[PDB]
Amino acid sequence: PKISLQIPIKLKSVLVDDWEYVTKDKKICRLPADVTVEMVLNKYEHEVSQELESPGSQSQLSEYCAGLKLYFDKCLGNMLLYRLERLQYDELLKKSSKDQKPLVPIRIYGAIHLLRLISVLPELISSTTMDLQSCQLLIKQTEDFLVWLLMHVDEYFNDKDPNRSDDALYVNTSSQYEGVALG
């Protein structure tokens, strides 16, 4: 059975914009992000847990957010970057090594990379032996998160263009960076 995930069209459009910025315009994200994955999911859990009555609902929400954070930390360098961004990633790792502390992706990357991970959850779930009930619950929790994220598109996905602001979500790459990263 194909795993289907409902992503609101405005958030699909954010992901397509991202694809255009990195692979056509040769932009990458400004890192560390002003708003990190950890910050997004802390705000999400704090807000929606207040509107929750069942102790089992609260438990499931907390487990989902904790697992998503850990999974993002394991996925980021394995599968969530376009080729251009791998040079930036290598530099972050080298910096972390110098600092003698492991790189923690949820404290560096931001909402757009979380949204990337969400978009590829269907294929990742289908490559496991998760039973159908857990597949259903994981998809449902993800869709509930996306409903909340859509309501916050201004908070997390505005002011993206580095050709309009020196504070934007993305930065331009130099031709030297691009040459190193893309051969």
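Heads up: residue numbers just count along the shown sequence, starting at 1.
Novice: Between 82-90 and 98-106, point out the one with the higher average CA B-factor as the PDB entry records it.
Specialist: For C-alpha atoms only, the mean B-factor is higher in 98-106.
Novice: Higher average CA B factor in the deposited record is what I'm after, so tell me if that's 159-167 or 11-19.
Specialist: Going by the record's values, the stretch with the higher mean is 159-167.
Novice: Which one of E45, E38, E143, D131 shows the top CA temperature factor in the record?
Specialist: Highest C-alpha B-factor among the listed options: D131.
Novice: According to the Cα B-factor stored in this entry, which of the following is highest: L137, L68, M151, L117?
Specialist: Answer, based on the entry's C-alpha B-factors: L137.
Novice: According to the PDB entry, is the CA B factor of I125 in the bottom, middle or top third of its chain, that is, lowest, middle or highest?
Specialist: It falls in the top third of the chain.
Novice: Based on the deposited C-alpha B factors for this chain, I'd like to know if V147 is in the lowest, middle or highest third.
Specialist: CA B-factor rank for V147: middle third.
Novice: When the deposited Cα B-factors of this chain's modelled residues are ordered and cut into thirds, is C29 in the lowest, the middle or the highest one?
Specialist: Answer is lowest: the recorded C-alpha B-factor places it there.
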